[PDB]
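The structure under discussion appears below in the form of structure tokens.
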Amino acid sequence: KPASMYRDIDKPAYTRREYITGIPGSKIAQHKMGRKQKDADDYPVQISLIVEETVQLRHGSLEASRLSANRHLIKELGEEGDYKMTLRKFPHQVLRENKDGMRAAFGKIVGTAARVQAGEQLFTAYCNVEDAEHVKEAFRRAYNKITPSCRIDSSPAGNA
Amino acid sequence: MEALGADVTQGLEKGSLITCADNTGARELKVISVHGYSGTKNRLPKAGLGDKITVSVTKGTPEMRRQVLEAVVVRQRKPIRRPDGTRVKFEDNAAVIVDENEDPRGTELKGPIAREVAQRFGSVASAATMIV
Amino acid sequence: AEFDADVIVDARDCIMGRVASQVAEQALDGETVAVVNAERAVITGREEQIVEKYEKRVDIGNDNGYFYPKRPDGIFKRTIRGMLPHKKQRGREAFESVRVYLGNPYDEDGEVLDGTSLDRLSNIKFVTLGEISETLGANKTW
Amino acid sequence: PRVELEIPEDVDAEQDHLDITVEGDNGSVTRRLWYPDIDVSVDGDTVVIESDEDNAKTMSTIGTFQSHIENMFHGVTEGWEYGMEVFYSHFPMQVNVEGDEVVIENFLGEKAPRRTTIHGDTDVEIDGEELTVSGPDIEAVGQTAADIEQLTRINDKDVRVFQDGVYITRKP
Amino acid sequence: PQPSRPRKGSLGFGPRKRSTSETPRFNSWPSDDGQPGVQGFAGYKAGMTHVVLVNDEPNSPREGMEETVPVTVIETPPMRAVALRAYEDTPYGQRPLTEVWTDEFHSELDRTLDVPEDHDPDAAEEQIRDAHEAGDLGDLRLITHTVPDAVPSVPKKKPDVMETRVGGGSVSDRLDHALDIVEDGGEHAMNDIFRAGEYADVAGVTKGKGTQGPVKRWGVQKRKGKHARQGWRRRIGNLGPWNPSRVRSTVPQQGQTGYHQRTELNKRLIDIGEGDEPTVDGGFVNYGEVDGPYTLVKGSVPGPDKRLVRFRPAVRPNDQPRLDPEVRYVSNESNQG
RNA sequence: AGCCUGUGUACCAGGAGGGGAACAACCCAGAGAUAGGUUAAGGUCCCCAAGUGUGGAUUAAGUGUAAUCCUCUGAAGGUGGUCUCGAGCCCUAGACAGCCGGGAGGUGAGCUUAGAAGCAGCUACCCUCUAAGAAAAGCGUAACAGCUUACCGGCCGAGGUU
RNA sequence: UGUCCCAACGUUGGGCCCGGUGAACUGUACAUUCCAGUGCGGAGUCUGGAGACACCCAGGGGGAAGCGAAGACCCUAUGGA
RNA sequence: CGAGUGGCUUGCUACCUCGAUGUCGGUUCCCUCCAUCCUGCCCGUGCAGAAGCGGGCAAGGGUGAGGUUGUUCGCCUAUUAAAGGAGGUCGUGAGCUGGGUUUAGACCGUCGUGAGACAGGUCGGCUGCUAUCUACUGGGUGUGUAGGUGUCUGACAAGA
RNA sequence: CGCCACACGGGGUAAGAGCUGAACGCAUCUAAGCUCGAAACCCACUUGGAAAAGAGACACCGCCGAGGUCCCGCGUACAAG
Ligand SMILES: [Cl-]
Ligand SMILES: [Cl-]
Ligand SMILES: [Cl-]
Ligand SMILES: [Cl-]
Ligand SMILES: [Cl-]
Ligand SMILES: [Cl-]
Ligand SMILES: [Cl-]
Ligand SMILES: [K+]
Ligand SMILES: [Mg+2]
Ligand SMILES: [Mg+2]
Ligand SMILES: [Mg+2]
Ligand SMILES: [Mg+2]
Ligand SMILES: [Mg+2]
Ligand SMILES: [Mg+2]
Ligand SMILES: [Mg+2]
Ligand SMILES: [Mg+2]
Ligand SMILES: [Mg+2]
Ligand SMILES: [Mg+2]
Ligand SMILES: [Mg+2]
Ligand SMILES: [Mg+2]
Ligand SMILES: [Mg+2]
Ligand SMILES: [Mg+2]
Ligand SMILES: [Mg+2]
Ligand SMILES: [Mg+2]
Ligand SMILES: [Mg+2]
Ligand SMILES: [Mg+2]
Ligand SMILES: [Mg+2]
Ligand SMILES: [Mg+2]
Ligand SMILES: [Mg+2]
Ligand code: NA
Ligand code: NA
Ligand code: NA
Ligand code: NA
Ligand code: NA
Ligand code: NA
Ligand code: NA
Ligand code: NA
Ligand code: NA
Ligand code: NA
Ligand code: NA
Ligand code: NA
Ligand code: NA
Ligand code: NA
Ligand code: NA
Ligand code: NA
Ligand SMILES: [Sr+2]
Ligand SMILES: [Sr+2]
Ligand SMILES: [Sr+2]
Ligand SMILES: [Sr+2]
Ligand SMILES: [Sr+2]
Ligand SMILES: [Sr+2]
Ligand SMILES: [Sr+2]
Ligand SMILES: [Sr+2]
Ligand SMILES: [Sr+2]
Ligand SMILES: [Sr+2]
Ligand SMILES: [Sr+2]
Ligand SMILES: [Sr+2]
Ligand SMILES: [Sr+2]
Ligand SMILES: [Sr+2]
Ligand SMILES: [Sr+2]
Ligand SMILES: [Sr+2]
Ligand SMILES: [Sr+2]
Ligand SMILES: [Sr+2]
Ligand SMILES: [Sr+2]
Ligand SMILES: [Sr+2]
Ligand SMILES: [Sr+2]
Ligand SMILES: [Sr+2]
Ligand SMILES: [Sr+2]
Ligand SMILES: [Sr+2]
Ligand SMILES: [Sr+2]
Ligand SMILES: [Sr+2]
């Protein structure tokens with residue numbers, strides 16, 4: 001199913017689990033990657049992926065981008081590299097599909113998405129001055145799998 | 001192909017039933033296709049003297065019957081024109097079964113053959129008893 | 001064959017559309033105009049895109065007909081016709097007291113109308129009516 | 001911007017309109033240097049390229065005009081030469097100059113001769129398996145050289161195996 | 001799946017209307033090469049016979065063998081280049097500048113034109129030569145006419161007039177070459193222009209068939225099978241789709257067929273003679289007997305017997321000339337039979 | 001969805017006239033008749049009334065010359081096309097690039113191995129001469145050889161680089 | 001065996017021209033159109049262009065959402081049989 | 001996983017038409033589109049050659065004959081350079097066909113107490129009109145340019 | 001169903017192969033410039049075409065007579081014309 005069907009915020013917030021059943025499980029495997037036993041403060045560099053437009057990102061997209069991102073950081077820094085990345089958003093918005101003409105159209109439940117306002121940080125990585133260019137590349141791959149354009153913003157890191 | 005040396009008015013079409021002028025065991029042949037030919041909308045594919053054709057054995061020995069083979073048209077009832085203007089025509093329509101090298105499959109040819117066909121398929125000719 | 005023009009304009013190195021606009025204006029005010037050296041008139045832009053446009057006009061047509069001129073002669077005159085209500089009496093009259101020529105059939109030289117001149121030293125992206133016509137397949141009679 | 005080029009003593013550089021002519025003991029070359037707002041002129045014993053514009057596009061052509069002129073200076077005195085070697089494997093390649101064009105026969109065993117017309121007053125001298133292309137105008141010379149090599153270009157078969165042809169050996 | 005198929009008939013010979021001039025008008029001429037010379041001649045179609053020829057083709061497996069070849073016999077008596085017209089180049093193309101006429105005229109040229117009684121040939125020549133000095137001279141052509149009177153089989157006495165270009169060496173040379181002919185009386189022959197074995201383009205107005213339907217005129221199918229018995233036999237399926245809502249001029253329709261000008265390329269001249277060697281016993285059907293200057297053209301020529309045909313050196317020959325073919329036999333057998 | 005179904009409001013319906021190419025509801029505008037005048041929306045090269053207006057900048061694609069819209073598309077992604085602005089660092093003690101010259105000894109390090117000598121792998125990665133020159137960055141070799149990078153010097157001369 | 005390849009020639013009656021006889025269908029108006037667009041989204045008539053000298057003869061029927069019949073299909077009616 | 005283009009499939013909507021705009025398939029005849037099957041010219045290759053495989057430009061021309069089936073589609077056969085796809089009221093019934101669909105007769109299976117039904121199968125079963133305008137193919141008469149004969153020019157137009 | 005005829009060659013390009021060449025000392029097929037290069041584009045070839053409203057050009061004949069119409073015998077033409 002095309003994301004064109006759900007990328008916009010053109011519907012009420014639909015998140016109440018107490019009134020919704022049959023919600024598919026999320027495809028997001030992890031929200032915290034890298035060395036999650038260490039603190040983000042222990043790193044000199046902090047780079048985030050910022051969404052430039054307000055949108056809805058289906059869990060299937062979060063998983064693809066996050067995966068193709070962390071996958072790179074693993075291939076470039078190792079299955080235990082000294083870095084840590086976080087996907088701070090969770091897909092709370094339940095999505096429908098009307099799958100019988102327009103009669104009794106309320107759709108059946110088919111998925112979940114996370115609402116992201118323009119300017120927000122979707123992902124955030126913390127690395128050493130060395131692996132700074134590797135994380136920037138992981139994000140370049142990630143923003144290629146989500147609807148909006150993004151900014152790869154570098155927070156603590158005046159080692160230009 | 002090498003120029004025939006005469007003008008031909010194709011006297012046969014796809015589906016025509018003709019005599020198999022040899023001793024392969026095939027008595028009657030049905031024209032299925034004409035080598036190198038391409039027609040036009042609604043036109044029944046045609047073949048005449050000198051053309052190599054794909055054939056199906058209609059009448060003959062059980063072993064030959066129904067086999068799809070290649071052949072060469074050696075005689076036809078419709079006239080052909082020779083360089084000197086004279087028209088030439090035969091008593092019947094006949095072809096000779098031929099292999100992938102154009103060598104006759106049989107050992108002996110039956111009846112006359114047009115000289116022009118002989119020029120084109122020599123090994124076929126070197127089997128003919130009468131060349132007209 | 002003799003045209004008592006009150007004005008003789010020289011289109012050499014002049015922007016066709018800008019000249020056309022002034023000749024239409026004058027023709028409507030009663031002036032008899034003769035545009036000379038049409039093959040030398042000029043049109044700015046990429047030669048490749050300009051020619052595509054004129055080639056498309058040559059290819060358009062059907063039984064009713066869309067006869068588009070190929071000679072710089074007619075190209076220029078059609079250009080002027082598009083700035084005149086040629087289907088109205090006054091408009092047809094104006095248009096008919098306007099004539100374009102290949103070269104200069106007069107003894108008097110034409111004048112260069114203000115604002116219509118192109119400076120070759122400051123411009124390289126432009127084409128000549130003659131060039132267009134040649135591409136269109138016209139017979140370079142000029 | 002403005003650039004001044006002192007013309008060589010052996011040379012004389014005249015120019016009218018957008019055309020510039022350079023003459024020396026080795027011959028003469030004429031060129032049209034036409035670009036928006038770039039004035040080229042011969043101020044006494046120096047050629048001047050100047051413009052009131054200084055954008056990247058203008059600067060590009062200025063530097064381009066200079067090299068063209070310096071090349072003209074070099075060509076009318078020292079001259080331009082390119083060296084070429086005719087290599088072939090199985091079939092003996094016959095390379096000859098006929099009229100104003102260089103002809104090649106039996107290329108790769110072909111019955112039909114391949115040929116190309118020499119540009120300008122370019123001169124083509126062949127000595128055995130060696131060819132030398134020379135003249136005052138680097139444009140015509142460089143092309144003639146290139147044309148000869150292109151003349152034995154092959155697209156059909158693997159070049160790593162079929163290498164017959166004439167190649168530019170030395171570039172001026 | 002609706003198989004493809006080329007359209008019925010060519011769109012290059014339209015509109016298919018009745019020709020304006022029964023006398024053919026070449027719309028192109030040979031290139032200038034050899035010495036100056038008239039680039040065309042004319043004659044009247046008589047009929048056909050055949051001849052046996054020795055294969056001429058050096059690339060033919062039959063070179064040097066007997067070959068029967070169909071031939072159309074055309075009576076080509078002498079013509080009269082009666083005037084020299086000059087064209088000047090102008091911004092609007094070529095335009096007639098002046099003409100240099102003669103004094104001697106065939107006794108019946110007055111059945112078509114108002115022959116000149118007072119004319120200044122030198123004033124005309126003067127203006128022309130000045131045009132050449134000025135460099136405004138376009139090609140040079142001769143006003144030519146036939147002498148039907150010399151042809152008994154043809155009833156007409158009224159000459160047929162046509163203009164024929166003169167090409168050749170330098171303009172000055174052919175201009176003088178042109179003036180030379182004209183002055184004499186303009187009398188010239190087929191020999192002066194063509195040699196047996198050369199290729200000529202023949203032009204002529206085809207045989208008229210009046211109104212004919214799409215099948216015959218454009219070669220469209222007749223209705224087939226059951227579709228041939230419902231009331232429609234020789235009518236096309238439809239005049240076009242719902243949209244565009246109009247009939248395109250490209251759909252095959254009824255109309256005039258025949259009597260159109262046609263220019264047939266590369267016709268080999270088998271022989272140019274004089275006398276009655278080609279004549280057929282009993283006489284050419286619907287024509288008569290030949291006994292005078294004649295030309296044998298390989299194959300067919302457009303037009304019915306008696307129609308004026310024109311010759312021109314082929315402007316796009318495919319093969320090189322093989323002069324004076326050897327003719328071993330010319331059938332004189334009756335054409336009735 | 002030019003969809004369905006609410007809500008508030010103005011409009012069409014039942015609303016002229018001016019503009020918007022045409023165009024119920026988009027803009028100006030609510031209108032007795034007639035007349036003079038000045039504006040509104042919108043527009044001022046010609047078609048067509050009014051500018052080929054002024055100061056300045058950008059664009060080379062005919063981009064564009066398209067308020068709104070079923071009606072005018074243009075996206076994620078990419079761009080040493082070009083213009084403008086800012087920050088860091090390097091530079092006449094000569095920067096950046098190019099070209100020329102040098103790129104050397106202990107020693108082919110030790111190990112592994114029949115052999116490996118910058119460059120299979122493992123480990124170490126030290127000091128002489130010196131203006132430079134790795135226990136060698138990339139090719140190359142069966143292994144050498146050979147070709148270059150680093151590094152230094154010269155020629156050159158003004159901005160260069162991120 | 002012309003159903004077909006693939007159409008041809010011929011025969012009789014029409015068709016065409018002439019004398020005489022002499023209807024009907026159809027008709028809001030205007031109307032020489034074509035390409036695009038617009039419009040209740042399927043325009044000869046609105047907009048922009050293009051083309052277009054008037055009239056007449058023969059023709060095969062692309063369009064006039066052609067003419068002929070207040071859709072037979074579908075639904076609706078506190079209709080009928 | 002993300003972003004789009006098309007309007008060939010299907011679905012959705014009910015805007016136009018119920019004082020009627022006649023269906024599918026086929027046929028015949030004409031024009032077009034390119035997202036190219038062949039043909040031309042190229043680039044790459046896990047390119048020796050021959051040949052494959054993939055890609056680029058390109059719509060001039062071509063893309064055919066047959067067996068089952070009403071079929072479209074598709075399956076199959078022999079040929080072929082190749083036997084591409086799509087738009088034109090799913091072009092084309094005041095052009096054809098009438099096999100299919102889709103009245104009135106009849107049968108079978110299933111359903112129904114029954115009349116009768118079926119988005120199943122099956123046999124039979126009707127196709128009006130003299131063209132007013134416009135459009136085009138060909139043929140004439142006039143006027144305009146503005147006495148006559150003959151010969152031409154070539155703006156434009158058509159072609160594969 | 002038979003028989004005849006239906007290019008070669010130019011010019012400009014696409015993809016692509018390159019030359020010279022700078023912005024950016026070098027490099028670079030490109031930014032200016034240039035050499036090539038498709039069955040495709042233009043020309044070449046055939047057909048129509050003075051109603052092309054800028055409504056054309058030339059030559060001769062004639063204005064008391066050039067030419068033309070009717071008429072007559074006919075078809076290389078033709079449904080009327
Ligand atoms: Cl077949
Ligand atoms: Cl047209
Ligand atoms: Cl108007
Ligand atoms: Cl410019
Ligand atoms: Cl049919
Ligand atoms: Cl009010
Ligand atoms: Cl434009
Ligand atoms: K309806
Ligand atoms: Mg068929
Ligand atoms: Mg006979
Ligand atoms: Mg006989
Ligand atoms: Mg109301
Ligand atoms: Mg005005
Ligand atoms: Mg645009
Ligand atoms: Mg009703
Ligand atoms: Mg009912
Ligand atoms: Mg009841
Ligand atoms: Mg409705
Ligand atoms: Mg109807
Ligand atoms: Mg394409
Ligand atoms: Mg290969
Ligand atoms: Mg086409
Ligand atoms: Mg349909
Ligand atoms: Mg219809
Ligand atoms: Mg019907
Ligand atoms: Mg009817
Ligand atoms: Mg049945
Ligand atoms: Mg009953
Ligand atoms: Mg039935
Ligand atoms: Na312009
Ligand atoms: Na046109
Ligand atoms: Na009937
Ligand atoms: Na219809
Ligand atoms: Na109101
Ligand atoms: Na208005
Ligand atoms: Na534009
Ligand atoms: Na029959
Ligand atoms: Na009709
Ligand atoms: Na094509
Ligand atoms: Na089938
Ligand atoms: Na319909
Ligand atoms: Na149909
Ligand atoms: Na019907
Ligand atoms: Na039908
Ligand atoms: Na070319
Ligand atoms: Sr919504
Ligand atoms: Sr994105
Ligand atoms: Sr003005
Ligand atoms: Sr003529
Ligand atoms: Sr012509
Ligand atoms: Sr019938
Ligand atoms: Sr329509
Ligand atoms: Sr202005
Ligand atoms: Sr300004
Ligand atoms: Sr619309
Ligand atoms: Sr918009
Ligand atoms: Sr973008
Ligand atoms: Sr109008
Ligand atoms: Sr009729
Ligand atoms: Sr109706
Ligand atoms: Sr395309
Ligand atoms: Sr191909
Ligand atoms: Sr269908
Ligand atoms: Sr099926
Ligand atoms: Sr169709
Ligand atoms: Sr039926
Ligand atoms: Sr049923
Ligand atoms: Sr069925
Ligand atoms: Sr008038
Ligand atoms: Sr290129
Ligand atoms: Sr006239």
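Hydrogens, waters and symmetry mates play no part in the numbers below; they use all other heavy atoms, side chains included. In what follows, chains carry the letters A, B, and so on, assigned in the order in which the sequence lines appear, proteins first and then strands, with residues in each chain numbered from 1.
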Note to self: Counting only side-chain heavy atoms from C-beta out, which of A77(I), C4(I), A3(H) sits nearest to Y259(E)?
What the structure shows: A77(I)
Strictly under 3.5 Å: I want the nitrogen or oxygen pairs between protein and nucleotides 43-50 of chain F, one per line.
residue: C45(F); atom: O2'; partner: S21(C); partner atom: OG; Å: 2.4
residue: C45(F); atom: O2; partner: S21(C); partner atom: OG; Å: 3.4
residue: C46(F); atom: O4'; partner: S21(C); partner atom: OG; Å: 3.0
residue: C46(F); atom: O2'; partner: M83(C); partner atom: O; Å: 2.7
residue: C47(F); atom: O4'; partner: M83(C); partner atom: O; Å: 3.0

Next item on the list: State whether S149(A) places a side-chain N or O below 4.0 Å from either non-bridging phosphate oxygen (OP1 or OP2) of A76(F).
Entry: yes
Next item on the list: With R31(D) as the cation and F65(D) as the aromatic partner, state whether NZ or CZ is under 6.0 Å from the six-membered ring centre and within 45° of the axis.
Entry: no
Margin query: At less than 4.0 Å, is any side-chain N or O atom of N27(E) found next to OP1 or OP2 of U47(I)? Yes or no.
Written below: yes
Check: Between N71(D) and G21(I), does any side-chain N or O lie under 4.0 Å from OP1 or OP2?
Finding: yes
Checklist line | North or south sugar for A93(F) (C1'-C2'-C3'-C4' positive means north) | finding: south
Note to self: Can you tell me if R78(C) touches the phosphate of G51(G), counting only side-chain N or O atoms and a distance under 4.0 Å to OP1 or OP2?
What the structure shows: yes
Item checked: Proximal nucleotide (of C41(I), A160(H), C6(G)) relative to the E55(C) side chain -> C41(I)
Check: So, is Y143(A) close to the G78(F) phosphate, meaning a side-chain N or O under 4.0 Å from OP1 or OP2?
Finding: yes
Item checked: Distance test, side-chain N/O of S33(B) to OP1/OP2 of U80(H), below 4.0 Å -> no
Check: Tell me the salt bridge (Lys or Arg N to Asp or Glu O under 4.0 Å) pairs involving residues 224-245 of chain E, sequence neighbours left out?
Finding: none
Note to self: Counting only heavy atoms and a strict 4.0 angstrom limit, can you tell me which residues of residues 7-23 of chain E come near RNA chain H?
What the structure shows: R7(E), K8(E), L11(E), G12(E), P15(E), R16(E), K17(E), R18(E)
Notebook entry, point to check: Does a nitrogen or oxygen in the side chain of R7(A) sit under 4.0 Å from OP1 or OP2 of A3(H)?
Noted result: yes
Item checked: Within 45° cone and under 6.0 Å: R16(E) NZ/CZ vs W218(E) ring -> yes
Check: Are side-chain N/O atoms of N55(D) and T58(D) paired as donor and acceptor at under 3.5 Å?
Finding: yes
Checklist line | Distance test, side-chain N/O of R95(E) to OP1/OP2 of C58(I), below 4.0 Å | finding: no
Check: Among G2(H), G18(I), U35(I), which nucleotide sits nearest the side chain of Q150(D)?
Finding: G18(I)
Check: So does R234(E) get a side-chain nitrogen or oxygen closer than 4.0 Å to the phosphate oxygens (OP1/OP2) of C96(H)?
Finding: no
Margin query: Check the phosphate of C30(H) against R5(E), side-chain N and O only, distance under 4.0 Å to OP1 or OP2. Yes or no?
Written below: yes
Check: Within the pair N55(D) and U82(F), is there a side-chain N or O less than 4.0 Å away from OP1 or OP2?
Finding: no
Note to self: I want to check one thing: is the phosphate of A59(I), taken as OP1 and OP2, less than 4.0 Å away from some side-chain N or O of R85(E)?
What the structure shows: no
Check: Would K157(D) count as a cation-pi partner of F162(D), with NZ or CZ less than 6.0 Å from the six-membered ring centre and within 45° of the ring normal?
Finding: yes
Margin query: Rounding to an integer number of Å, can you tell me how far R262(E) CZ sits from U76(I) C1'?
Written below: 17 Å
Notebook entry, point to check: Nearest of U47(I), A78(H), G150(H) to any side-chain atom of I32(B)?
Noted result: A78(H)
